[PDB]
file input-v6.pdb (PDB, C-alpha atoms)
ATOM      1  CA  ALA G   1     171.722  26.210 -22.056  1.00  0.00           C
ATOM      2  CA  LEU G   2     173.027  28.591 -19.436  1.00  0.00           C
ATOM      3  CA  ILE G   3     176.016  30.847 -19.900  1.00  0.00           C
ATOM      4  CA  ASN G   4     177.517  32.447 -16.805  1.00  0.00           C
ATOM      5  CA  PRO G   5     179.592  35.627 -16.735  1.00  0.00           C
ATOM      6  CA  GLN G   6     182.345  35.901 -15.857  1.00  0.00           C
ATOM      7  CA  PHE G   7     182.869  32.262 -16.347  1.00  0.00           C
ATOM      8  CA  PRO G   8     181.645  32.061 -19.807  1.00  0.00           C
ATOM      9  CA  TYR G   9     181.260  28.883 -21.847  1.00  0.00           C
ATOM     10  CA  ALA G  10     184.045  28.802 -24.477  1.00  0.00           C
ATOM     11  CA  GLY G  11     182.621  30.282 -27.620  1.00  0.00           C
ATOM     12  CA  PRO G  12     183.287  27.165 -29.569  1.00  0.00           C
ATOM     13  CA  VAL G  13     185.327  23.978 -29.523  1.00  0.00           C
ATOM     14  CA  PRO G  14     188.316  25.585 -31.172  1.00  0.00           C
ATOM     15  CA  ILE G  15     191.228  24.764 -33.410  1.00  0.00           C
ATOM     16  CA  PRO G  16     193.215  22.551 -31.069  1.00  0.00           C
ATOM     17  CA  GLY G  17     191.074  19.591 -31.958  1.00  0.00           C
ATOM     18  CA  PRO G  18     192.970  16.269 -32.930  1.00  0.00           C
ATOM     19  CA  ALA G  19     191.877  15.062 -36.388  1.00  0.00           C
ATOM     20  CA  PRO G  20     192.325  11.381 -35.793  1.00  0.00           C
ATOM     21  CA  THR G  21     191.837   9.778 -39.082  1.00  0.00           C
ATOM     22  CA  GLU G  22     191.074  10.132 -42.780  1.00  0.00           C
ATOM     23  CA  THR G  23     189.001   6.923 -42.750  1.00  0.00           C
ATOM     24  CA  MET G  24     185.874   8.473 -43.858  1.00  0.00           C
ATOM     25  CA  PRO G  25     185.381   6.584 -46.967  1.00  0.00           C
ATOM     26  CA  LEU G  26     182.729   4.158 -47.756  1.00  0.00           C
ATOM     27  CA  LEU G  27     183.772   2.404 -50.888  1.00  0.00           C
ATOM     28  CA  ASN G  28     180.736   2.078 -53.221  1.00  0.00           C
ATOM     29  CA  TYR G  29     179.744  -1.454 -53.770  1.00  0.00           C
ATOM     30  CA  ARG G  30     179.674  -2.698 -57.305  1.00  0.00           C
ATOM     31  CA  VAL G  31     177.983  -6.186 -57.889  1.00  0.00           C
ATOM     32  CA  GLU G  32     176.189  -8.533 -60.389  1.00  0.00           C
ATOM     33  CA  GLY G  33     173.649 -10.921 -58.854  1.00  0.00           C
ATOM     34  CA  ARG G  34     172.149 -13.936 -60.579  1.00  0.00           C
ATOM     35  CA  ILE G  35     169.516 -16.306 -58.978  1.00  0.00           C
ATOM     36  CA  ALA G  36     168.943 -18.764 -61.926  1.00  0.00           C
ATOM     37  CA  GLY G  37     168.297 -22.367 -61.103  1.00  0.00           C
ATOM     38  CA  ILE G  38     165.835 -24.244 -63.264  1.00  0.00           C
ATOM     39  CA  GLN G  39     162.289 -23.913 -61.854  1.00  0.00           C
ATOM     40  CA  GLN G  40     159.885 -26.978 -62.240  1.00  0.00           C
ATOM     41  CA  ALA G  41     156.181 -26.159 -62.498  1.00  0.00           C
ATOM     42  CA  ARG G  42     154.729 -28.038 -59.562  1.00  0.00           C
ATOM     43  CA  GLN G  43     154.922 -28.578 -55.770  1.00  0.00           C
ATOM     44  CA  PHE G  44     153.512 -31.458 -53.920  1.00  0.00           C
ATOM     45  CA  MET G  45     151.098 -30.971 -50.959  1.00  0.00           C
ATOM     46  CA  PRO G  46     148.879 -33.106 -48.870  1.00  0.00           C
ATOM     47  CA  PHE G  47     145.924 -31.112 -49.823  1.00  0.00           C
ATOM     48  CA  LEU G  48     145.344 -27.790 -51.302  1.00  0.00           C
ATOM     49  CA  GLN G  49     142.027 -26.263 -52.386  1.00  0.00           C
ATOM     50  CA  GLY G  50     139.562 -28.693 -50.781  1.00  0.00           C
ATOM     51  CA  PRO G  51     136.571 -27.632 -48.695  1.00  0.00           C
ATOM     52  CA  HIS G  52     136.002 -30.817 -46.820  1.00  0.00           C
ATOM     53  CA  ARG G  53     132.603 -31.922 -45.630  1.00  0.00           C
ATOM     54  CA  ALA G  54     132.054 -31.447 -41.868  1.00  0.00           C
ATOM     55  CA  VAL G  55     128.898 -33.557 -42.053  1.00  0.00           C
ATOM     56  CA  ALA G  56     127.250 -34.919 -45.056  1.00  0.00           C
ATOM     57  CA  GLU G  57     123.530 -35.155 -45.480  1.00  0.00           C
ATOM     58  CA  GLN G  58     121.961 -38.509 -45.570  1.00  0.00           C
ATOM     59  CA  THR G  59     121.831 -39.751 -49.234  1.00  0.00           C
ATOM     60  CA  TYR G  60     119.892 -42.627 -50.901  1.00  0.00           C
ATOM     61  CA  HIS G  61     118.820 -44.610 -54.029  1.00  0.00           C
ATOM     62  CA  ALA G  62     115.266 -45.911 -54.714  1.00  0.00           C
ATOM     63  CA  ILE G  63     113.320 -48.949 -55.853  1.00  0.00           C
ATOM     64  CA  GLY G  64     109.821 -50.311 -55.934  1.00  0.00           C
ATOM     65  CA  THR G  65     108.338 -53.186 -57.434  1.00  0.00           C
ATOM     66  CA  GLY G  66     105.521 -55.511 -57.475  1.00  0.00           C
ATOM     67  CA  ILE G  67     102.010 -56.202 -58.365  1.00  0.00           C
ATOM     68  CA  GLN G  68      98.465 -55.591 -57.108  1.00  0.00           C
ATOM     69  CA  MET G  69      97.221 -58.759 -55.523  1.00  0.00           C
ATOM     70  CA  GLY G  70      94.723 -59.478 -52.686  1.00  0.00           C
ATOM     71  CA  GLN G  71      92.712 -61.998 -50.483  1.00  0.00           C
ATOM     72  CA  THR G  72      89.457 -60.283 -49.097  1.00  0.00           C
ATOM     73  CA  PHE G  73      86.587 -61.000 -46.654  1.00  0.00           C
ATOM     74  CA  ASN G  74      83.412 -58.742 -46.846  1.00  0.00           C
ATOM     75  CA  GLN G  75      80.710 -57.654 -44.310  1.00  0.00           C
ATOM     76  CA  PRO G  76      77.461 -59.493 -44.513  1.00  0.00           C
ATOM     77  CA  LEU G  77      74.318 -58.086 -46.026  1.00  0.00           C
ATOM     78  CA  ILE G  78      71.999 -56.132 -43.591  1.00  0.00           C
ATOM     79  CA  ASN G  79      68.370 -54.960 -43.586  1.00  0.00           C
ATOM     80  CA  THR G  80      68.094 -51.485 -44.997  1.00  0.00           C
ATOM     81  CA  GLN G  81      66.605 -49.045 -42.535  1.00  0.00           C
ATOM     82  CA  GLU G  82      64.938 -46.195 -44.349  1.00  0.00           C
ATOM     83  CA  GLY G  83      64.661 -44.581 -47.749  1.00  0.00           C
TER      84      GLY G  83
ATOM     85  CA  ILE I   1     155.861 -14.550 -54.428  1.00  0.00           C
ATOM     86  CA  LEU I   2     159.486 -14.407 -53.255  1.00  0.00           C
ATOM     87  CA  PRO I   3     161.585 -12.014 -51.114  1.00  0.00           C
ATOM     88  CA  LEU I   4     164.202 -11.190 -53.757  1.00  0.00           C
ATOM     89  CA  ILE I   5     166.600  -9.382 -51.425  1.00  0.00           C
ATOM     90  CA  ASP I   6     166.404 -12.195 -48.832  1.00  0.00           C
ATOM     91  CA  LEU I   7     167.197 -14.880 -51.434  1.00  0.00           C
ATOM     92  CA  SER I   8     170.093 -13.010 -53.064  1.00  0.00           C
ATOM     93  CA  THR I   9     171.845 -12.238 -49.786  1.00  0.00           C
ATOM     94  CA  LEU I  10     174.319 -14.647 -48.201  1.00  0.00           C
ATOM     95  CA  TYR I  11     174.256 -15.178 -44.437  1.00  0.00           C
ATOM     96  CA  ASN I  12     177.603 -16.838 -43.669  1.00  0.00           C
ATOM     97  CA  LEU I  13     179.915 -17.891 -40.860  1.00  0.00           C
ATOM     98  CA  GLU I  14     183.688 -18.013 -41.439  1.00  0.00           C
ATOM     99  CA  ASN I  15     186.757 -18.115 -39.244  1.00  0.00           C
ATOM    100  CA  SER I  16     190.458 -17.314 -39.551  1.00  0.00           C
ATOM    101  CA  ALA I  17     193.609 -17.153 -37.446  1.00  0.00           C
ATOM    102  CA  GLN I  18     195.658 -14.040 -36.730  1.00  0.00           C
ATOM    103  CA  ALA I  19     199.109 -13.910 -35.126  1.00  0.00           C
ATOM    104  CA  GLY I  20     201.544 -11.182 -34.081  1.00  0.00           C
ATOM    105  CA  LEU I  21     200.585 -10.412 -30.482  1.00  0.00           C
ATOM    106  CA  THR I  22     202.993  -8.706 -28.082  1.00  0.00           C
ATOM    107  CA  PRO I  23     202.422  -7.662 -24.431  1.00  0.00           C
ATOM    108  CA  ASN I  24     200.673  -4.351 -23.761  1.00  0.00           C
ATOM    109  CA  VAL I  25     200.362  -3.533 -27.437  1.00  0.00           C
ATOM    110  CA  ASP I  26     197.021  -3.216 -29.224  1.00  0.00           C
ATOM    111  CA  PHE I  27     196.516  -6.179 -31.539  1.00  0.00           C
ATOM    112  CA  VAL I  28     194.059  -5.002 -34.180  1.00  0.00           C
ATOM    113  CA  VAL I  29     192.138  -7.316 -36.524  1.00  0.00           C
ATOM    114  CA  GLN I  30     190.608  -5.195 -39.277  1.00  0.00           C
ATOM    115  CA  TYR I  31     187.110  -6.030 -40.471  1.00  0.00           C
ATOM    116  CA  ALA I  32     187.357  -7.139 -44.122  1.00  0.00           C
ATOM    117  CA  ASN I  33     185.147  -4.396 -45.465  1.00  0.00           C
ATOM    118  CA  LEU I  34     181.780  -4.597 -47.453  1.00  0.00           C
ATOM    119  CA  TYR I  35     180.415  -7.419 -45.253  1.00  0.00           C
ATOM    120  CA  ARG I  36     177.788  -6.555 -42.648  1.00  0.00           C
ATOM    121  CA  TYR I  37     179.253  -8.236 -39.546  1.00  0.00           C
ATOM    122  CA  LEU I  38     176.528  -9.365 -37.133  1.00  0.00           C
ATOM    123  CA  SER I  39     178.833 -10.951 -34.542  1.00  0.00           C
ATOM    124  CA  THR I  40     182.487 -11.542 -33.809  1.00  0.00           C
ATOM    125  CA  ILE I  41     184.064 -14.281 -31.744  1.00  0.00           C
ATOM    126  CA  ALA I  42     187.713 -14.038 -30.727  1.00  0.00           C
ATOM    127  CA  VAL I  43     189.467 -17.032 -29.185  1.00  0.00           C
ATOM    128  CA  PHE I  44     192.769 -16.260 -27.507  1.00  0.00           C
ATOM    129  CA  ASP I  45     194.738 -19.446 -28.080  1.00  0.00           C
ATOM    130  CA  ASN I  46     197.699 -18.350 -25.984  1.00  0.00           C
ATOM    131  CA  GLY I  47     200.126 -20.998 -27.200  1.00  0.00           C
ATOM    132  CA  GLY I  48     197.813 -23.828 -26.208  1.00  0.00           C
ATOM    133  CA  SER I  49     196.779 -22.128 -22.992  1.00  0.00           C
ATOM    134  CA  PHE I  50     193.215 -20.852 -22.615  1.00  0.00           C
TER     135      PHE I  50
END
call {"tool": "encode", "arguments": {"input": "input-v6.pdb", "output": "structure tokens"}}
result
Amino acid sequence: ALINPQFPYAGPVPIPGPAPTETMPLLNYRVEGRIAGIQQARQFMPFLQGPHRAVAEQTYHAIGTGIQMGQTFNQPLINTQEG
Amino acid sequence: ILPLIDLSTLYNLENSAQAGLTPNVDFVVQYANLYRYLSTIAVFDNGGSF
């Protein structure tokens, strides 16, 4: 702010002001609020809580069976070298 | 987990008609107090002329 003498800035907005209204009042709000609809315990989703496999491992079962059977052919006898 | 204020507040649209207009005089439609008015639309149906 600058004040300049001799033209000085009025020393106030004075008493000639026009009170325009008495509408100043905010009427307090008084209220009762009830949000009470029956609630049912459940919601349907496509899927909740699953941690789906991105790849599975290979998996398997097992079997064996049979017996011990055989047809054989042997090497001929040979002269013994030494000993 | 619910926003209690959100769910107990009403967001509404309503309309009404006001008459009593006269040339060069301020026609004032008072806001019906307590509501929080987000927007106002005023249609001047000038006797069927728009």
call {"tool": "resolve_selection", "arguments": {"input": "input-v6.pdb", "expression": "the ChimeraX specification (/G :<9) & /I", "output": "list in words"}}
result
residues 7, 8, 33 and 34 of chain I
call {"tool": "write_last_selection", "arguments": {"input": "input-v6.pdb", "atoms": "C-alpha atoms", "output": "PDB file, in the coordinates of the input"}}
result
ATOM      1  CA  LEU I   7     167.197 -14.880 -51.434  1.00  0.00           C
ATOM      2  CA  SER I   8     170.093 -13.010 -53.064  1.00  0.00           C
ATOM      3  CA  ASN I  33     185.147  -4.396 -45.465  1.00  0.00           C
ATOM      4  CA  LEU I  34     181.780  -4.597 -47.453  1.00  0.00           C
TER       5      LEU I  34
END
call {"tool": "resolve_selection", "arguments": {"input": "input-v6.pdb", "expression": "the PyMOL selection byres ((chain I and resi 11-26) around 10)", "output": "list in words"}}
result
residues 6, 7, 8, 9, 10, 27, 28, 29, 35, 36, 37, 38, 39, 40, 41, 42, 43, 44, 45 and 46 of chain I
call {"tool": "atom_distance", "arguments": {"input": "input-v6.pdb", "atom1": "CA of residue 24 (chain G)", "atom2": "CA of residue 12 (chain G)"}}
result
23.7 Å
call {"tool": "atom_distance", "arguments": {"input": "input-v6.pdb", "atom1": "CA of residue 2 (chain I)", "atom2": "CA of residue 50 (chain G)"}}
result
24.6 Å
call {"tool": "atom_distance", "arguments": {"input": "input-v6.pdb", "atom1": "CA of residue 20 (chain G)", "atom2": "CA of residue 30 (chain I)"}}
result
17.0 Å
call {"tool": "axis_aligned_box", "arguments": {"input": "input-v6.pdb", "around": "region 24-39 of chain I", "padding_each_side": "5 Å", "output": "lines of an AutoDock Vina configuration file"}}
result
center_x = 188.6
center_y = -7.1
center_z = -35.6
size_x = 34.1
size_y = 17.7
size_z = 33.7
call {"tool": "build_atoms", "arguments": {"input": "input-v6.pdb", "residues": "region 2-28 of chain G", "atoms": "N, CA, C and O atoms", "output": "PDB file, keeping the file's coordinate frame"}}
result
ATOM      1  N   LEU G   2     172.596  27.378 -20.146  1.00  0.00           N
ATOM      2  CA  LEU G   2     173.027  28.591 -19.436  1.00  0.00           C
ATOM      3  C   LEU G   2     174.466  29.014 -19.567  1.00  0.00           C
ATOM      4  O   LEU G   2     175.379  28.205 -19.347  1.00  0.00           O
ATOM      5  N   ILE G   3     174.672  30.265 -19.922  1.00  0.00           N
ATOM      6  CA  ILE G   3     176.016  30.847 -19.900  1.00  0.00           C
ATOM      7  C   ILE G   3     176.180  31.797 -18.716  1.00  0.00           C
ATOM      8  O   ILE G   3     175.336  32.630 -18.445  1.00  0.00           O
ATOM      9  N   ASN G   4     177.358  31.630 -17.997  1.00  0.00           N
ATOM     10  CA  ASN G   4     177.517  32.447 -16.805  1.00  0.00           C
ATOM     11  C   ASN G   4     178.720  33.349 -16.829  1.00  0.00           C
ATOM     12  O   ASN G   4     179.754  32.928 -16.996  1.00  0.00           O
ATOM     13  N   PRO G   5     178.558  34.608 -16.698  1.00  0.00           N
ATOM     14  CA  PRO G   5     179.592  35.627 -16.735  1.00  0.00           C
ATOM     15  C   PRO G   5     179.946  35.971 -15.349  1.00  0.00           C
ATOM     16  O   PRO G   5     179.038  36.002 -14.529  1.00  0.00           O
ATOM     17  N   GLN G   6     181.229  36.045 -15.009  1.00  0.00           N
ATOM     18  CA  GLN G   6     182.345  35.901 -15.857  1.00  0.00           C
ATOM     19  C   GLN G   6     182.867  34.548 -16.236  1.00  0.00           C
ATOM     20  O   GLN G   6     183.638  34.475 -16.879  1.00  0.00           O
ATOM     21  N   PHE G   7     182.321  33.325 -15.756  1.00  0.00           N
ATOM     22  CA  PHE G   7     182.869  32.262 -16.347  1.00  0.00           C
ATOM     23  C   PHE G   7     182.037  31.947 -17.520  1.00  0.00           C
ATOM     24  O   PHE G   7     181.025  31.408 -17.455  1.00  0.00           O
ATOM     25  N   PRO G   8     182.400  32.305 -18.621  1.00  0.00           N
ATOM     26  CA  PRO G   8     181.645  32.061 -19.807  1.00  0.00           C
ATOM     27  C   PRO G   8     182.037  30.713 -20.430  1.00  0.00           C
ATOM     28  O   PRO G   8     183.203  30.326 -20.319  1.00  0.00           O
ATOM     29  N   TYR G   9     181.065  30.070 -21.037  1.00  0.00           N
ATOM     30  CA  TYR G   9     181.260  28.883 -21.847  1.00  0.00           C
ATOM     31  C   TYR G   9     181.971  29.290 -23.072  1.00  0.00           C
ATOM     32  O   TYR G   9     181.697  30.294 -23.656  1.00  0.00           O
ATOM     33  N   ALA G  10     183.228  28.426 -23.546  1.00  0.00           N
ATOM     34  CA  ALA G  10     184.045  28.802 -24.477  1.00  0.00           C
ATOM     35  C   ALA G  10     183.120  29.101 -25.601  1.00  0.00           C
ATOM     36  O   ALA G  10     182.108  28.483 -25.681  1.00  0.00           O
ATOM     37  N   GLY G  11     183.469  29.951 -26.489  1.00  0.00           N
ATOM     38  CA  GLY G  11     182.621  30.282 -27.620  1.00  0.00           C
ATOM     39  C   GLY G  11     182.761  29.320 -28.725  1.00  0.00           C
ATOM     40  O   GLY G  11     182.458  29.608 -29.609  1.00  0.00           O
ATOM     41  N   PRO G  12     183.069  28.178 -28.587  1.00  0.00           N
ATOM     42  CA  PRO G  12     183.287  27.165 -29.569  1.00  0.00           C
ATOM     43  C   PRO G  12     184.101  26.206 -28.940  1.00  0.00           C
ATOM     44  O   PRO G  12     184.709  26.375 -28.161  1.00  0.00           O
ATOM     45  N   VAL G  13     184.209  24.992 -29.539  1.00  0.00           N
ATOM     46  CA  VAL G  13     185.327  23.978 -29.523  1.00  0.00           C
ATOM     47  C   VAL G  13     186.157  24.592 -30.630  1.00  0.00           C
ATOM     48  O   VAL G  13     185.663  24.809 -31.736  1.00  0.00           O
ATOM     49  N   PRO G  14     187.403  24.901 -30.260  1.00  0.00           N
ATOM     50  CA  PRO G  14     188.316  25.585 -31.172  1.00  0.00           C
ATOM     51  C   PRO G  14     189.312  24.635 -31.896  1.00  0.00           C
ATOM     52  O   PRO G  14     189.221  23.451 -31.907  1.00  0.00           O
ATOM     53  N   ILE G  15     190.252  25.293 -32.510  1.00  0.00           N
ATOM     54  CA  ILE G  15     191.228  24.764 -33.410  1.00  0.00           C
ATOM     55  C   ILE G  15     192.236  23.865 -33.003  1.00  0.00           C
ATOM     56  O   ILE G  15     192.768  23.452 -33.777  1.00  0.00           O
ATOM     57  N   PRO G  16     192.345  23.439 -31.782  1.00  0.00           N
ATOM     58  CA  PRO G  16     193.215  22.551 -31.069  1.00  0.00           C
ATOM     59  C   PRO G  16     192.623  21.170 -31.189  1.00  0.00           C
ATOM     60  O   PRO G  16     193.115  20.226 -30.805  1.00  0.00           O
ATOM     61  N   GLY G  17     191.582  20.968 -31.839  1.00  0.00           N
ATOM     62  CA  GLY G  17     191.074  19.591 -31.958  1.00  0.00           C
ATOM     63  C   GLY G  17     192.017  18.636 -32.756  1.00  0.00           C
ATOM     64  O   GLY G  17     192.548  19.118 -33.609  1.00  0.00           O
ATOM     65  N   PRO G  18     192.087  17.337 -32.341  1.00  0.00           N
ATOM     66  CA  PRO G  18     192.970  16.269 -32.930  1.00  0.00           C
ATOM     67  C   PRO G  18     192.197  15.475 -33.936  1.00  0.00           C
ATOM     68  O   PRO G  18     191.379  14.723 -33.667  1.00  0.00           O
ATOM     69  N   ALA G  19     192.572  15.772 -35.306  1.00  0.00           N
ATOM     70  CA  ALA G  19     191.877  15.062 -36.388  1.00  0.00           C
ATOM     71  C   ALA G  19     192.500  13.694 -36.307  1.00  0.00           C
ATOM     72  O   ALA G  19     193.674  13.556 -36.543  1.00  0.00           O
ATOM     73  N   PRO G  20     191.760  12.698 -36.008  1.00  0.00           N
ATOM     74  CA  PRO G  20     192.325  11.381 -35.793  1.00  0.00           C
ATOM     75  C   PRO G  20     192.485  10.452 -36.943  1.00  0.00           C
ATOM     76  O   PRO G  20     193.192   9.473 -36.818  1.00  0.00           O
ATOM     77  N   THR G  21     191.815  10.754 -37.990  1.00  0.00           N
ATOM     78  CA  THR G  21     191.837   9.778 -39.082  1.00  0.00           C
ATOM     79  C   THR G  21     191.361  10.427 -40.294  1.00  0.00           C
ATOM     80  O   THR G  21     190.784  11.525 -40.187  1.00  0.00           O
ATOM     81  N   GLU G  22     191.618   9.721 -41.628  1.00  0.00           N
ATOM     82  CA  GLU G  22     191.074  10.132 -42.780  1.00  0.00           C
ATOM     83  C   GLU G  22     190.114   9.048 -43.285  1.00  0.00           C
ATOM     84  O   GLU G  22     189.543   9.127 -44.311  1.00  0.00           O
ATOM     85  N   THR G  23     189.897   8.062 -42.473  1.00  0.00           N
ATOM     86  CA  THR G  23     189.001   6.923 -42.750  1.00  0.00           C
ATOM     87  C   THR G  23     187.588   7.398 -42.680  1.00  0.00           C
ATOM     88  O   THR G  23     186.892   7.469 -41.750  1.00  0.00           O
ATOM     89  N   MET G  24     187.157   7.868 -43.724  1.00  0.00           N
ATOM     90  CA  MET G  24     185.874   8.473 -43.858  1.00  0.00           C
ATOM     91  C   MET G  24     185.200   8.026 -44.829  1.00  0.00           C
ATOM     92  O   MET G  24     184.244   8.652 -45.152  1.00  0.00           O
ATOM     93  N   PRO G  25     185.920   6.942 -45.658  1.00  0.00           N
ATOM     94  CA  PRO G  25     185.381   6.584 -46.967  1.00  0.00           C
ATOM     95  C   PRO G  25     184.688   5.255 -46.964  1.00  0.00           C
ATOM     96  O   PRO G  25     185.177   4.211 -46.556  1.00  0.00           O
ATOM     97  N   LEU G  26     183.570   5.342 -47.545  1.00  0.00           N
ATOM     98  CA  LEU G  26     182.729   4.158 -47.756  1.00  0.00           C
ATOM     99  C   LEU G  26     182.956   3.873 -49.237  1.00  0.00           C
ATOM    100  O   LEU G  26     182.615   4.683 -50.089  1.00  0.00           O
ATOM    101  N   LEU G  27     183.515   2.724 -49.435  1.00  0.00           N
ATOM    102  CA  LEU G  27     183.772   2.404 -50.888  1.00  0.00           C
ATOM    103  C   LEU G  27     182.458   1.864 -51.470  1.00  0.00           C
ATOM    104  O   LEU G  27     181.910   0.917 -50.943  1.00  0.00           O
ATOM    105  N   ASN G  28     181.917   2.509 -52.530  1.00  0.00           N
ATOM    106  CA  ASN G  28     180.736   2.078 -53.221  1.00  0.00           C
ATOM    107  C   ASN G  28     180.889   0.642 -53.592  1.00  0.00           C
ATOM    108  O   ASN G  28     181.959   0.147 -53.861  1.00  0.00           O
TER     109      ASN G  28
END
